[PDB]
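**Student:** This structure is in structure tokens; I'll ask about it shortly.
Chains as they are written, first to last, in PDB author numbering: chain C, 881 to 929; chain D, 490 to 538.
This is how it looks when you write it as structure tokens:
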């Protein structure tokens, strides 16, 4: 609610293992269209200005 | 006119509210009603509604 975004969107943001070719668990970076759709979903709840 | 007098609504808004549809093809020299409602601004891609 604070971010004005859907809970599954929050879950997707948290699930981002930003590891970028190892040194940690795994690279959970979404695909290009998944990134685009996630950005649309998280941005859809803003104002006009 | 009645809605414009009390609720202070635009002509297109009150026309749609009383039972008409949103005019996608306005006089076209400026923004139409459909574009004013869902294209201010388009998020990333062109509108397809």
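A virtual CB, placed ideally from N, CA and C, is assigned to each residue, including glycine.
#1: Could you list the residues in the region 906-921 of chain C with a C-beta less than 9 Å from some C-beta on chain D, going in chain order?
#2: Pair every Cβ in the region 910-925 of chain C with every Cβ in the region 883-900 of chain C, then say whether three or more of these pairs are closer than 8 Å.
#3: Can you grab the Cα-Cα spacing for the pair residue 524/D / residue 929/C, in whole Å?
#4: With 8 Å as the threshold, decide whether the Cβ of residue 535/D is near any Cβ in chain C.
#5: Just how far apart, CA to CA, sit residue 500/D and residue 527/D?
**Tutor:** Short version:
#1: 916, 919 and 920
#2: yes
#3: The alpha-carbon of residue 524/D is positioned some 16 Å away from that of residue 929/C.
#4: Proximity of residue 535/D to chain C, defined by a Cβ-Cβ separation below 8 Å, is not satisfied.
#5: 18 Å
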